[PDB]
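Results of the structural survey
Read off the chains here:
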Amino acid sequence: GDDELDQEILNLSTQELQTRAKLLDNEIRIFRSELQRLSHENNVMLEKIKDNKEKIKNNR
Amino acid sequence: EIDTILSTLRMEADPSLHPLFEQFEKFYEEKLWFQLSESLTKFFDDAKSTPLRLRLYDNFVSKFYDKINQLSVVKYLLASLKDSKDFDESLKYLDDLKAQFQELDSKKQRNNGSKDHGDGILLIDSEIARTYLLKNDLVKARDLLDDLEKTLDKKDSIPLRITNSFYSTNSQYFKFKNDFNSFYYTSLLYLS
Amino acid sequence: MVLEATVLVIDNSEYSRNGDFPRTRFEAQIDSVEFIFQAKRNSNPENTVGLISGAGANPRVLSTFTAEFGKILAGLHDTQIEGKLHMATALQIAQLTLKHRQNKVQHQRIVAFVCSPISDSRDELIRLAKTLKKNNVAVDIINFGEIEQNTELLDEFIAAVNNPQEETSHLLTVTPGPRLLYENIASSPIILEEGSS
Amino acid sequence: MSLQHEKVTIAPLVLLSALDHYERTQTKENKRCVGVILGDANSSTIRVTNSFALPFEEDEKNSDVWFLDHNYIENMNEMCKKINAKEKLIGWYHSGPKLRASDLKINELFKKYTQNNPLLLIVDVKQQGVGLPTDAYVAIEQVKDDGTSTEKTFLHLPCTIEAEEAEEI
Amino acid sequence: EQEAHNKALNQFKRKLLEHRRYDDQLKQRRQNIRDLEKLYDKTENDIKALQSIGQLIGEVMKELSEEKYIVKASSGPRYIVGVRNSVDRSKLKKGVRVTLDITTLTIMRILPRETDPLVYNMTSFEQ
């Protein structure tokens, strides 16, 4: 957090800092969608290797 | 910020293109930017060769790149510099804007994940080839034409827009060659 | 309500690139879906959610009924926004998705986001409105498309659907002004809704 | 997508199987069985080895309104590899007497899963034709030079059969 | 500090840093899906080879007719076999290695010359 502290009282208003974290709330609600999107794909992928390897060990 | 610039362009503009100018200010404020796309298209048809066109377009491209449709945004740009009689001006402005969108799609293309922006880059490239033909250089345009042609084949859904711009490049090349038939076939494909 | 299967219709448009809502409407809708799934699932985890779009020049199934939260989410990654929702056909395509369910105990419900003024005919859609309740389908219309200056064809659609039936049609209009689309919809009764039997 | 085609070869199994699946959805009267089509492609000759049903609903009020259960298609394909790992989507069959204009919109959906333009194989269940009771199309998008816009259209290709010797006897 | 509303800006400094470390969870997982895409394919490639069957090599000993060939298999005994259309007749010459099927005994394709396992040790001698 190199911002939203007494460094940034100088740069812009203290009310800009009040609202700025609340524009970072939208932004992490979006990064959470994408991170959970990627949770579901790594759960499906790993199980798709299990499907492959199960035949492969039988032949092996 | 941009409100000031808009207001100077309105006064400079025609009394008939004046009410269209008013519409830009309103839709930007209101965040209804699909209607903003509508008002720009109306304006540019009977402002093609008036000089307000290019100045207006610089303002809006700088602010929004994808909150107002990518395909619309480029399709304005190409016509403005066709009317431009300075080919040295035409070349840099396309070249600069091409750079922006390529930079853009690293961030927006994955986050939004439902709009692509790489399609715009292709539309721009068509005009760059054509600036060479306006400068009467056939070879340079041809090396870009070859790239455009392979890229059309590569996509397995093609917008009408891209195959039109691709033929438009070819058609202008062939009549600098003075070849009649080659022009004809190209224009037939394009008109359809 | 409990014991319920829900097809959420997401309206895909260039109207949802508008920044009225945060920080387009589409990016607001990503958040909204995630919330809705958990609300229903924590009311009753035998509920399932299907997802269709308007995207294209014809609606399409992005997800059939699934108990998988991530399949709904994956579907949104796939969908494209340059398509336009055509509501008449989307209702009919939803009705078929609502015949297929995990269990047949799961009730039938449509939830429809509206982000564009609808330019399908009123009399055309009033037939469809009455088809829904014969199939026992009620429809909750979250409206924020037809309030960008447009009439309420909707008023007639919701009255026609309502009848003695525990599935109950609802008209919700959501404040278009900044208060965060998802917040208001989540806070709005959706698991505190009532029947009409 | 392969934009190069010439012929469609069909195994005998395909035709018979779509007729079986047709009667066991109990389809008739503009409700027409539609299943997936499995086989080899990236080949000018489309070689169709097998076919299976999908859960599908056809509305007879509007055929532009249809149901396709997309989730099922991925699961089924994993079991196709169990049988043989060289069967993929190369189109979809129609069971009806002839080509519908709602079939162009349906064809869109199978593009997502095919490395080849998707096949329409009309398996008749009245067994018409003076040759095979199958017609074959593949959807192609092209400019039309007649002064009309770009269509996606179903263009005819010949029908042929490739039968395994084991099966043929 | 300069304010006692900077006792609540500490709380906002914390949210930013969490988000910028959540950026690193976006970048951690974006690297695991691209590695696993190739690892699911390395095993997917194994299925398509495993479900294929072998083929039996011969050489064209002698033309009998034009759709039937005498081959001498590498299993030994000569057979009479037919051909796939993919092989052309005039690329079938005598002493050319062919595949046969191992359940139909039919040429699918012409194969390069066979070569001894032993002579591949011999080009590995020049040391």
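Residues numbered from 1 in each chain as written, not as in the entry; some residues may be left out. Chains lettered and ligands numbered in written order. Part of a larger assembly, values for the part shown. Heavy atoms only, no water.

The record names cryo-EM as the way this model was obtained, at a resolution of 6 Å.

This next bit is on the overall build of chain D. Helix and strand counts for chain D come out as four helices and 10 strands. Helices (α) and strands (β) of chain D occur, in sequence order from the N terminus, as β-α-β-β-β-β-α-β-α-β-β-β-β-α. Each principal axis of the C-alpha distribution contributes one length, and for chain D these read about 50 × 35 × 35 Å. For chain D, with 169 residues in total, the buried portion stands at 46%. Taking as baseline every contact in chain D between residues at least 6 positions apart, the subset at least 24 positions apart corresponds to 66%. Total accessible area on chain D is roughly 8,400 Å²; 50% of this is exposed by carbon and sulfur atoms. Taking the average place of the 19 positive charges on the side chains of chain D and the average place of its 27 negative ones, the gap between the two points comes to 3 Å. (Helix = DSSP H or I, 4+ residues; strand = E, 2+ residues; numbered from the N terminus. Buried < 20%, exposed > 50% of the residue type's maximum accessible area, 1.4 Å probe, protein only. Contact = heavy atoms within 4.5 Å. Areas by Shrake-Rupley, 256 points an atom, 1.4 Å probe, with all protein chains shown as cover. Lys, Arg positive; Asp, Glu negative; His and termini not counted. Charge placed at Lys NZ, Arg CZ, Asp CG, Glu CD.)

Consider a sheet: its strands pair through backbone hydrogen bonds, and that pairing is either parallel or antiparallel. Residues and elements named next belong to chain E. If you trace the five strands from one edge of the open sheet to the other, you get β4-β1-β2-β3-β5, paired in mixed fashion. A strand with exactly one partner marks an edge of an open sheet, and here the two such strands are β4 (97-100) and β5 (106-107). Of the pairings in the sheet, the one linking strand β1 (residues 56-63) to β4 comprises four bridges and is antiparallel in character. Within β4, the position partnered with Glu59 by the bridge is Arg97. (Pairing = 2+ DSSP bridges.)

Another aspect to go through is the pairing of strand β8 (residues 134-142) of chain D. All names here are of chain D. In this structure, strand β7 (residues 119-123) lies alongside β8, joined through five bridges in antiparallel fashion. Residue pairing across strands places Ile122 opposite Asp135, the latter belonging to β8. Where β8 lies against strand β9 (residues 151-156), six bridges are found, and the strand directions are antiparallel. Pairing of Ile140 across the sheet is with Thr153, part of β9.

Interface size is often expressed as the accessible area that is lost when the parts come together. Between chain E and chain A, the residue contacts involve 30 residues of the former and 34 residues of the latter. Between chain E and chain A, roughly 3,200 Å² of surface is buried when both sides are summed, and carbon and sulfur atoms account for 64% of that area. Taken together, the links from chain E to chain A amount to four salt bridges. Here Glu34(A) and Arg30(E) are joined by a salt bridge, their closest N and O atoms 3.4 Å apart. (Buried area = accessible area lost by both parts, 1.4 Å probe. Salt bridge = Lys/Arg side-chain N within 4 Å of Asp/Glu carboxyl O.)

It is worth spelling out the pattern of salt bridges at this point. Overall, the coordinates contain 46 salt bridges over all chains when judged by the stated rule. Connected through shared salt-bridge partners, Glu4(C), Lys40(C), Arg109(C), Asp140(C), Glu167(C) and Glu193(C) make up one network.

Residue and element names in this part refer to chain D. Across the sheet, which stays open at both edges, the eight strands sit in the order β9-β8-β7-β6-β2-β3-β1-β10 with mixed pairing between neighbours. Single-partner strands in this sheet number two, and they are β9 and β10 (159-161). Each strand axis lies, on average, 35 degrees off the axis of its neighbour in the sheet, ignoring direction. Contacts from helix α1 (residues 12-24) reach β1 (7-10), β3 (45-53), β6 (88-94), β7 and β8, with the element oriented near 25 degrees to β3. (Axes fitted to C-alpha atoms, helices over the stretch in contact; angles between N-to-C directions.)

If you look at the biggest cluster of nonpolar residues, it comprises 50 residues, and the most contacted ones within it are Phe24(B), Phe43(B), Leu56(B) and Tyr57(B). In this structure, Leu56(B) is in contact with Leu6(B), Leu9(B), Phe21(B), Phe24(B), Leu40(B), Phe43(B) and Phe44(B), ignoring residues within four places of it in sequence. Core analysis: the second largest hydrophobic core is formed by 36 residues, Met87(C), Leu128(C), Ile158(C) and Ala160(C) among them. (Core = buried A, V, L, I, M, F, W, Y, C linked by side-chain atoms within 4.5 Å.)

In this structure's numbering, the residues bearing the UniProt feature "domain: MPN" are residues 8-143 of chain D. From the first C-alpha to the last, residues 8-143 of chain D spans 24 Å; its make-up is 26% helix and 34% strand. (UniProt positions renumbered as here; feature names shortened; annotations may be inferred.)

Moving on, we come to the interface of chain A and chain C. At the interface, eight residues of chain A touch 12 residues of chain C. Where chain A abuts chain C, roughly 920 Å² becomes buried across the two surfaces, and 56% of that area is made up of carbon and sulfur atoms. Inspection of the region where chain A meets chain C yields one salt bridge. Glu27(A) is paired through a salt bridge with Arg23(C); the nearest N and O atoms lie 2.9 Å apart. The interface formed by chain A and chain C contains two residue pairs in polar contact. (Polar contact = N/O pair within 3.5 Å; in protein donor to acceptor, adjacent residues only side chain to side chain.)

Bringing a nonpolar patch on the surface into the picture now. Among the surface-exposed residues, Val2(C), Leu3(C) and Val105(C) lie close enough to one another that they form a single nonpolar patch of about 230 Å² accessible area. The topology assignment puts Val105(C) in the loop between α3 (87-99) and β4 (107-114). (Patch = residues over 30% accessible without salt bridge, like charges linked within 9 Å, V, L, I, M, F, W, Y side chains within 5 Å.)

Quick look at unusual backbone geometry now. Residue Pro22(C) is joined to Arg23(C) through a cis peptide bond whose omega torsion reads -15 degrees. Note that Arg23(C) resides in the loop between β1 (4-10) and α1 (25-43). Despite not being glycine, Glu4(A) shows a phi value in the positive range, around 70 degrees. Along the polypeptide, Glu4(A) turns up in the segment before α1 (8-11).

Contacts are most numerous between chains A and E, considering all nine pairs of chains that are in contact. Contact between chain C and chain E is absent, and the least distance between their C-alpha atoms amounts to 14 Å.

This next bit is on the environment of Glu29(B). Residue position: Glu29(B) is located in helix α2 (residues 18-30). Sequence separation of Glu29(B) and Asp3(B) is 26 residues, and the distance between their C-alpha atoms is 9.5 Å.

Moving on, we come to the packing of aromatic side chains. Scanning the entire structure with this criterion turns up 18 aromatic pairs over all chains. Judged by centre distance (5.9 Å) and plane angle (85 degrees), the ring pair of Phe21(C) and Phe144(C) falls under edge-to-face. Linking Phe21(C) in the loop between β1 and α1 with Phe144(C) in the loop between β5 (138-143) and α5 (154-161), this pair joins segments that are 123 residues apart in sequence. Of the two residues, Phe21(C) and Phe144(C), both sit in the buried class. An aromatic cluster is present here, built from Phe21(B), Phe24(B), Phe43(B), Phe44(B), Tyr57(B) and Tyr76(B) joined pairwise through their rings. (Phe/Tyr/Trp six-rings, centres within 6.5 Å; stacked < 30°, edge-to-face > 60°.)

The subject of this paragraph is a negative patch on the surface. Together, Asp143(B), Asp146(B), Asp147(B), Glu149(B) and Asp153(B) make up a region of like negative charge exposed at the surface. Residue position: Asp147(B) is located in helix α8 (residues 138-154).

With that settled, consider the pairing of strand β3 (residues 60-66) of chain C. Residues and elements named next belong to chain C. Most of β3 is tucked away: seven of the seven residues are buried. Pairing of strand β2 (residues 48-53) with β3 involves four bridges; the strand directions are antiparallel. When the bridges of β3 are listed, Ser53 appears paired with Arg60.

The next subject is the packing of helix α1 (residues 2-12) of chain B against α2(B). Residues and elements named next belong to chain B. Running from amino to carboxyl end, α1 crosses α2 at an angle of 170 degrees, the nearest separation of the two axes being 9 Å. The angle between the axes of α1 and α2 places the two elements in the roughly antiparallel class. Each of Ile2, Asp3, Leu6, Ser7, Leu9 and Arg10 in α1 lies in contact with α2, whose residues at this interface are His18, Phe21, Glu22, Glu25 and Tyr28. When its residues are assigned to classes, the contact of α1 with α2 shows five nonpolar, two polar and four charged. (Parallel < 35°, antiparallel > 145°, perpendicular 65-115°, else oblique. Nonpolar A, V, L, I, M, F, W, Y, C, P; charged D, E, K, R; others polar.)

With that settled, consider the state of the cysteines. Scanning all chains against the criterion turns up zero disulfides over all chains. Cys33(D) takes part in no disulfide bond, and the closest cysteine sulfur, belonging to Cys80(D), lies 15 Å away. (Disulfide = S-S within 2.5 Å.)

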